[PDB]
Amino acid sequence: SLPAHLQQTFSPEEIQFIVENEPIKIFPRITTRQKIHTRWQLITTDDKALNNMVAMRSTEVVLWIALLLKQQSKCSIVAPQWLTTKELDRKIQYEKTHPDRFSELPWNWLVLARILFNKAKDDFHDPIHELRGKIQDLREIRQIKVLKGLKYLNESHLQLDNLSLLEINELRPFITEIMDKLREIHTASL
Amino acid sequence: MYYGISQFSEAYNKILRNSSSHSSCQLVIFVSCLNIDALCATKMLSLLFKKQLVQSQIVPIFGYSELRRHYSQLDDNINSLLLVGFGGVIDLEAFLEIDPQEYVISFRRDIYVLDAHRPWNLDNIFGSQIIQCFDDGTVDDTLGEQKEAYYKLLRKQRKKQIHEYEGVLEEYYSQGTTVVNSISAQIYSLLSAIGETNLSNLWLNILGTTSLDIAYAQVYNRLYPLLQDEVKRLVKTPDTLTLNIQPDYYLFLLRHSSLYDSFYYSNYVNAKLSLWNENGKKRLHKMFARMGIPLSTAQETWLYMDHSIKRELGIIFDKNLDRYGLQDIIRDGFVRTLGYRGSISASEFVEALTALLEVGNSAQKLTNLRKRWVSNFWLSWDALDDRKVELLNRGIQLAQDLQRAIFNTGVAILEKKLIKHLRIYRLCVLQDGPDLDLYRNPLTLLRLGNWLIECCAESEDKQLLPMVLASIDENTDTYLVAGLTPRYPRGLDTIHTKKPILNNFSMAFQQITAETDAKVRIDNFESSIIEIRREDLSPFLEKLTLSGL
Amino acid sequence: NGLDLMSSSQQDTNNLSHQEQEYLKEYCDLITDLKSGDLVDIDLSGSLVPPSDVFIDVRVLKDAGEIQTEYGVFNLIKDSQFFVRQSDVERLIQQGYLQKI
Amino acid sequence: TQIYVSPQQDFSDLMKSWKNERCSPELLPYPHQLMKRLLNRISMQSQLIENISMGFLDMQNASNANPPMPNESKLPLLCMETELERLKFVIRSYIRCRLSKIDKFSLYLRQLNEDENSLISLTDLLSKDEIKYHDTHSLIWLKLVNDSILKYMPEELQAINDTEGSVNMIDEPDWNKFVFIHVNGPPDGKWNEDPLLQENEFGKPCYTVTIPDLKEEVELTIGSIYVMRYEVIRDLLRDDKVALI
Amino acid sequence: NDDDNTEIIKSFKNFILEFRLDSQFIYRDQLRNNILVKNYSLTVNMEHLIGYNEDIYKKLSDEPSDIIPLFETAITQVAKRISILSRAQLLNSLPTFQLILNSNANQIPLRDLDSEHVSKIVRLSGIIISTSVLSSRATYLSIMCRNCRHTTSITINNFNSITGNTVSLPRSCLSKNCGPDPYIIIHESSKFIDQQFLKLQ
Ligand SMILES: [Zn+2]
């Protein structure tokens with residue numbers, strides 16, 4: 002949709018939606034194993059796990075169902091391997107020791123972090139402030155590396171092997187317009 | 001009783017049986033506006049019903065007329081209705097013409122009245138199964154005799229029984245309107261019985277119980293130990316939330332205003348030392364000098380004021396206050412701290428809330469006033485959450501301003517000696533002066549009257565007389581009149597506290613209005629506050645003088 | 105929603124030429140026509156914010172009577188708060204009768 | 050498409066198509082079969098939820114009886130309705146974006162359609178309602194502009210499709226616009242059977258694309274995000290080799 | 020003697036890097052935005068300083084001139100930490135950052151200033167009547183000797199505790235048999251800041 006050129010990029014709400022559209026692991030509190047009751051019978055998710063769950067056993071559900079159950083008392087989200095101090099430490103060490111390559115980190119970087127911090131405040135094993143500070147440090151370091159790398163902007167192409175979602179989204183318009191103008195100048199010269 | 005405390009949860013379950021639905025708002029709550037305990041209970045209930053995802057709606061009302069109109073607006077789809085903070089001392093069936101046979105199906118739509126006033130209607134309890142309430146524990150013991158006559162009265225020598233029943237009913241009636249328990253206390257008892265207690269619930273319970281310190285110190289002293297025990301039962312990281320039992324004093328915004336202004340505006344010190352004339356200020360300066368705090372130091376903000384004397388303040392007070400006899404200013408209270416944001420106390424927070432209720436932002465003007473009151477109530481409600489503090493700093497500064505204005509008017513009143521001492525009850529009327537437009541608010545008028553009655557009590561007079569206070573708004577040409585009961589000195593023993601002083605002003609007003617055709621409008625939920633006409637005031641007063649009180 | 109909403116943008120619409128006004132009417136005709144065909148189940152003039160939560164707090168902004176919904180009825184008393192489903196009140200919110208999302 | 054492995058595969062294809070269309074500077078074809086399945090799916094699911102809700106309502110209103118058990122009753126249908134709302138939002142956004150795009154390039158696609166040598170036909174890129182939208186909107190706008198201004202114009206230049214003189218008035222899409230891509234690789238799980246990919250040191254299968262203006266060759270490996278002009282990448286995109294972001 | 024300075028600098032750096040409201044580290048973001056636009060300065064609100072810890076506020080209240088330079092160098096340490104990559108080991131054109139305070143204490147009029155306010159933080163207001171022209175002040179001096187002819191650098195802080203506060207020239211040379239103070243000031247390769255004088259009525 003146009004609505005003042007919203008037809009060219011993604012709004013942060015759409016990014017949050019497209020991230021919460023992802024599977025995650027859960028630790029249920031209740032049981033709904035069939036009598037051996048209502049069928050889940052959704053259209054965009056394997057209902058087999060939903061129908062076949064039993065308490066205190068790990069299983070995989072999409073993110074927003076887990077969030078809805080966490081709004082109730084039928085859920086216990088299991089954090090990924092990132093969200094612990096001893097992994098973020100080696101990660102920040104990797105960024106420090108390699109001043110040219112962005113560290114390996116998925117597209118959903120910092121978004122799952124924001125959502126889990128906002129909702130699942132209590133299920134963590136680590137204090138929240140430590141993790142938030144380390145994530146802030148990672149954000150600052152990657153921001154510095156982005157500014158350092160942006161200095162050279164060829165008119166042909168570029169490679170950004172390990173940028174996450176929001177980092178690409180925020181930078182898309184400026185970069186795109188600058189290279190468009192450069193390409194227009196070069197093509198007009200010929 | 002209808003619902004004893006030992007069965008409240010069952011009633012809760014009933015709501016889930018009737019109102020818990022998917023796409024139908026089947027629960028509406030009416031709240032007694034311009035009251036703090038009602039607001040605290042409503043917040044607790046809103047949180048609880050947001051937990052189990054029960055759809056609901058909150059409706060503020062001001063007068064019985066609005067209650068009638070909105071009840072007429074209701075639809076049968078509403079299975080359960082809530083009323084909090086009012087509606088205890090009158091029969092709703094005769095009020096809202098409920099036909100028991102219309103609703104029987115059971116009686117369909119249940120109504121839950123939840124109030125505290127003790128002279129509450131006997132028929133409204135024992136005669137109706139449609140209307141049903143939460144007794145605080147009053148019927149099981151106190152009403153052990155009154156219900157017998159009602160049950161009996163619901223061959224020429226049997227008239228003695230009828231006479232005895234009529235006498236018993238009359239003796240039960242003709243008593244003052246009083247409050248003996250807090251709504252939030254019962255709500256928190258239900259929460260504890262269920263198992264949903266936490267820090268927010270404890271904070272709201274503390275607010276509700278401490279909003280009554282001004283007028284019902286007996287209730288406050290009865291209820292304090294439970295709060296203390298409950299808060300005992302339940310490195311400074313930026314997410315600390317600490318509740319503490321710290322010493323605190325009867326001081327107006329001690330932790331947000333300078334200590335000098337705190338002593339100057341504190342009502343108890345005012346009453347004890349007569350600060351409205353020069354000798355009071357001289358004694359205050361003598362007290363400050365003997366304490367040893369400089370007059371330039373004591374006029375600094377509490378944050379920047381010296382750390383060493385901040386630490387030593389307790390010992391300084393202990394060693395100095397004895398000569399002036401103000402040692403009853405020291406008490407034990409609650410303090411809430413949130414990380415690095417700062418510190419706050421219950422008294423300061425409730426004063427901020429009260430001021431925010433007071434100030435914020462013929463028939464048409466009255467409606468406009470009654471609607472801006474509801475708007476201010478909702479603003480105060482939104483101010484509760486911890487995500488907003490700019491709606492609390494404003495409240496604190498407005499509390500400072502309102503207390504200054506009240507003091508400025510009270511000094512003028514006591515200087516002009518407008519307090520006329522009749523044979524039975526004192527009287528004073530604010531015919532003309534400054535800032536009269538502020539006193540159109542009943543709560544502001546009650547604050548002024550509370551200070552006045554404290555000042556009158558803290559004298560050598562040995563007569564406890566009811567006080568009548570009146571105002572004027574030239575736009576409507578009407579007098580707003582409120583009746584006030586006498587109060588004992590705060591530093592008094594409990595032996596002379598067998599029964600709190602009752603309030604007969606509501607009964608006197610209703611009797612005079614029934615026997616004469618005055619142009620009054622009695623619609624406040626507080627039945628001791630009425631509106632009267634300027635030309636009608638004086639004869640009315642005469643009647644009140646000549647009537648039996 | 106292609107209804108021009110003269111009851112409640117600009118009030119007079121007099122700042123538009125007559126040709127522009129008839130063009131606007133024709134475009135409203137097309138807008139009404141488009142959703143009447145194969146896409147009747149989906150309102151093309153709905154919201155564009157992705158649905159993120161199911162239960163939200165709603166505070167009244169203007170007074171009215173009572174309004175029915177599916178399986179229930181909402182009475183629009185002046186200046187009250189609702190705890191209702193998100194996917195019911197977006198139409199009213201766009202109309203400007205509800206506030207405090 | 051020809052057949053569905055599962056409705057979730059259909060949903061993934063729909064979401065990928067929406068993402069591709071949102072950032073594309075050129076109007077892409079129309080995936081009829083996907084929404085053909087999806088609309089029927091939505092109708093059937095809505096019928097089921099309405100039926101079960103009506104059953105609960107009429108068993109509740111015929112007599113008091115027993116209210117539905119709060120467990121396994123509210124949350125399942127809540128999930129169904131919220132998922133349906135989410136899917137409706139996605140489809141609405143896709144359709145509105147396509148409508149805006151066909152708003153922009155109306156005259157260009159109209160002038161392309163009448164070309165006999167043009168192998169691309171307007172029927173495939175657009176749905177029937179989109180065709181009627183285009184033609185009616187074009188006629189309305191032409192009528193408005195003819196009444197307002199062109200009535201006074203001389204015979205020489207009244208036409209609004211002139212392509213002679215100084216400036217042409219047909220807005221071709223900008224094929225050279227720089228876009229963000231993600232090299233997904235071949236859709237097959239083998240991801241090694243394409244006759245296009247090559248290899249470099251340390252393996253790293255890659256595709257070699259060439260730019261005529263710069264007379265260069267650019268290497269694209271799996272798992273790397275690039276910033277490349279749209280013109281050289283149409284074939285890989287339409288073959289689902291690379292996914293835009 | 021150095022241990023106290025290290026502890027104080029560490030405490031101030033911990034305050035800068037650890038203070039957060041809601042979900043925002045305010046001062047770090049302020050530093051980033053300031054460095055981006057070449058405004059090497061930071062603003063501290065005194066209420067936050069008091070709320071975070073009271074002992075640091077006490078130390079700032081007791082001896083302002085001795086304490087402020089430690090904070091204004093901890094700031095530049097943090098800025099170097101969070102703006103420049105170590106690259107496993128350049129320009130480094132970052133001078134000492136300026137510290138600016140804001141508070142809401144009780145105003146003190148001009149005539150109430152007396153001997154008891156010496157070396158204390160005070161707040162006051164007035165009217166500006168006359169302004170002097172700008173002037174230069176040295177902060178990093180290159181010093182060269184005549185006989186032994188060696189180079190040295192002197193670092194100058196602009197805060198004065200005692201009236202003198204200045205090491206004019208070191209006595210004797212650094213190690234033969236030079237004079238009392240055979241040093242000269244190398245004007246090139248030095249750093250200078252700007253100073254101005256104002257009058258209040
Ligand atoms: Zn030498």
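Residue numbers (PDB author numbering), protein chains in the order written: chain I, 2 to 37, 47 to 200; chain E, 1 to 105, 115 to 163, 223 to 302, 310 to 436, 462 to 649; chain H, 105 to 112, 116 to 208; chain D, 50 to 294; chain 5, 20 to 108, 128 to 213, 234 to 259.
C-beta atoms are modelled at their ideal positions from N, C-alpha and C, and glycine is treated no differently.
- Query: Does the beta carbon of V156 (chain H) sit closer than 8 Å to a beta carbon anywhere in chain I?
  - Reply: For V156 (chain H), the nearest beta carbon of chain I is closer than 8 Å to its own beta carbon.
- Task: Check the Cβ of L162 (chain 5) against every Cβ in chain I and list those closer than 8 Å, keeping chain order.
- Result: Those within 8 Å of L162 (chain 5) in chain I number zero; the least Cβ separation is about 39 Å.
- What do you get for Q254 (chain E), buried or exposed, if any count of 16 or more other CB atoms within 10 angstroms of its CB means buried? It counts as buried.
- Query: Do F34 (chain 5) and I87 (chain 5) have their CB atoms nearer than 8 Å?
  - Reply: Taking C-beta atoms as the reference points, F34 (chain 5) and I87 (chain 5) fail to come closer than 8 Å.
- Give a yes or no on whether the minimum CB-CB distance between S20 (chain E) and chain D is below 8 Å. At a cut-off of 8 Å between beta-carbon atoms, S20 (chain E) makes contact with chain D.
- Message: Assuming contact is defined by CB atoms lying nearer than 8 Å, are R147 (chain D) and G153 (chain H) in contact in what I supplied?
- Response: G153 (chain H) sits away from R147 (chain D), with the two beta carbons spaced by 8 Å or more.
- Close Cβ partners of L83 (chain E) (< 6 Å) along its chain, the five nearest in sequence each way excluded: These residues qualify, in order along the chain: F30 and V122.
- Whose beta carbon lies closer than 7 Å to any heavy atom of ligand 1, going through the chain in order? Going along the chain, the residues that qualify are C183 (chain 5), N185 (chain 5), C186 (chain 5), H188 (chain 5), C211 (chain 5), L212 (chain 5), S213 (chain 5), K234 (chain 5) and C236 (chain 5).
- Residues of the segment 149-177 of chain H with Cβ closer than 8 Å to any Cβ of chain D, in chain order: From the segment 149-177 of chain H, only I149, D150, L151, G153, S154, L155, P157, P158 and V161 have a Cβ closer than 8 Å to chain D.
- Query: Does the beta carbon of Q188 (chain H) come closer than 8 Å to any beta carbon on chain E?
  - Reply: It does; some Cβ of chain E falls within 8 Å.
- Three or more C-beta pairs closer than 8 Å, one from the segment 155-165 of chain D and one from the segment 101-113 of chain D: is that the case here? Contact between the segment 155-165 of chain D and the segment 101-113 of chain D is absent, with fewer than three C-beta pairs closer than 8 Å.
- Message: According to DSSP, simplified to helix, strand and coil, what is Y279 (chain D)?
- Response: In this structure, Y279 (chain D) counts as coil in the three-state DSSP scheme.
- Helix, strand or coil at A292 (chain D) according to DSSP, with G and I counted as helix: In the structure shown, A292 (chain D) adopts extended strand secondary structure according to DSSP, grouped into three states.
- Item | Residues near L334 (chain E) in its chain [Cβ-Cβ closer than 6 Å; skip 5 each side] | By the criterion of a C-beta distance shorter than 6 Å, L334 (chain E) is surrounded in its chain by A373, once the five residues flanking it on both sides are discounted.
- Task: Can you tell me the Cβ-Cβ gap for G172 (chain H) and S112 (chain H), rounded? I've got them flagged as a contact below 8 Å.
- Result: Not really, about 17 Å apart at Cβ, beyond 8 Å.
- Query: In three-state terms, what does DSSP make of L584 (chain E)?
  - Reply: In the three-state reduction of the DSSP assignment, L584 (chain E) falls in the strand class, which pools E and B.
- Go ahead and pull the three-state DSSP assignment for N77 (chain E). The answer is coil: DSSP assigns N77 (chain E) none of H, G, I, E or B.
- What span of residues does the beta strand (DSSP E) with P254 (chain D) cover, start to end? For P254 (chain D), the enclosing beta strand (DSSP E) begins and ends at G252 to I260.
- Under 8 Å between C-beta atoms, does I244 (chain 5) make it to chain E? Not one beta carbon of chain E lies nearer than 8 Å to the beta carbon of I244 (chain 5).
- Message: Between the alpha carbons of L175 (chain D) and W224 (chain D), how many angstroms are there, rounded?
- Response: The alpha-carbon of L175 (chain D) is positioned some 20 Å away from that of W224 (chain D).
- Query: Helix or strand or just coil, what does DSSP make of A89 (chain I)?
  - Reply: Correct three-state label for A89 (chain I): coil.
- Message: With a threshold of 7 Å on Cβ separation, who are the neighbours of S197 (chain D) within its own chain once the five nearest residues in sequence on each side are excluded?
- Response: Answer for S197 (chain D): no residue qualifies.
- Item | Any beta strand (DSSP E) of 3 or more consecutive residues that is wholly inside the segment 484-541 of chain E | Unbroken beta strand (DSSP E) stretches of 3 residues or longer found wholly inside the segment 484-541 of chain E: 526-529, given in chain order.
- Residues that residue 45 (chain I) contacts on chain 5, provided the C-beta gap is smaller than 7 Å: The model of chain I omits the segment between 37 and 47, and residue 45 (chain I) is among the residues lacking coordinates.
- Item | Residue environment, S332 (chain E), which counts as buried when at least 16 other CB atoms sit within 10 Å | In summary, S332 (chain E) is buried, with 16 or more beta-carbon neighbours lying within 10 Å of its beta-carbon over all protein chains present.
- Message: So, under 8 Å CB-CB, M366 (chain E) and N395 (chain E) are touching, yes? Tell me the CB distance rounded to an integer number of Å.
- Response: In this structure, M366 (chain E) and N395 (chain E) form a Cβ contact; the two beta carbons are roughly 5 Å apart against a cut-off of 8 Å.
- Message: Please confirm whether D145 (chain H) has its beta-carbon closer than 8 Å to some beta-carbon of chain D.
- Response: It does; some Cβ of chain D falls within 8 Å.
- Interface residues of chain I around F44 (chain 5) at Cβ under 7 Å? Within chain I, the C-beta atoms nearer than 7 Å to that of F44 (chain 5) come from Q146, in chain order.
- Secondary structure at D617 (chain E), three-state DSSP: helix, strand or coil? The answer is coil: DSSP assigns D617 (chain E) none of H, G, I, E or B.
- What separation, rounded to the nearest whole angstrom, lies between the Cα atoms of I54 (chain 5) and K253 (chain D)? C-alpha separation (whole angstroms): 41 Å.
- Task: Can you say whether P119 (chain D) is buried or exposed, counting buried as having 16 or more other CB atoms within 10 angstroms of its CB?
- Result: Label assigned to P119 (chain D): exposed.
- Return the first residue and the last residue of the alpha helix (DSSP H) that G179 (chain H) is part of. Per DSSP, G179 (chain H) lies in no alpha helix (DSSP H) segment; the continuous beta strand (DSSP E) that holds it begins and ends at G179 to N182.
- Within the 8 Å Cβ cut-off, does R51 (chain 5) reach chain E? Cβ-Cβ to chain E under 8 Å: no for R51 (chain 5).
- Query: For the candidate residues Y104 (chain I), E180 (chain I) and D132 (chain I), whose alpha-carbon lies nearest to that of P13 (chain I)?
  - Reply: Considering only alpha carbons, the answer is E180 (chain I).
- Query: Would the beta-carbon of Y159 (chain E) be found less than 7 Å away from any heavy atom of ligand 3?
  - Reply: Questions concerning ligand 3 fall outside what the structure shown contains, since the ligands it does hold are ligand 1.
- Task: Can you pull the chain E residues whose beta carbon is under 7 Å from the beta carbon of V180 (chain H), in chain order?
- Result: In chain order: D75 and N77.
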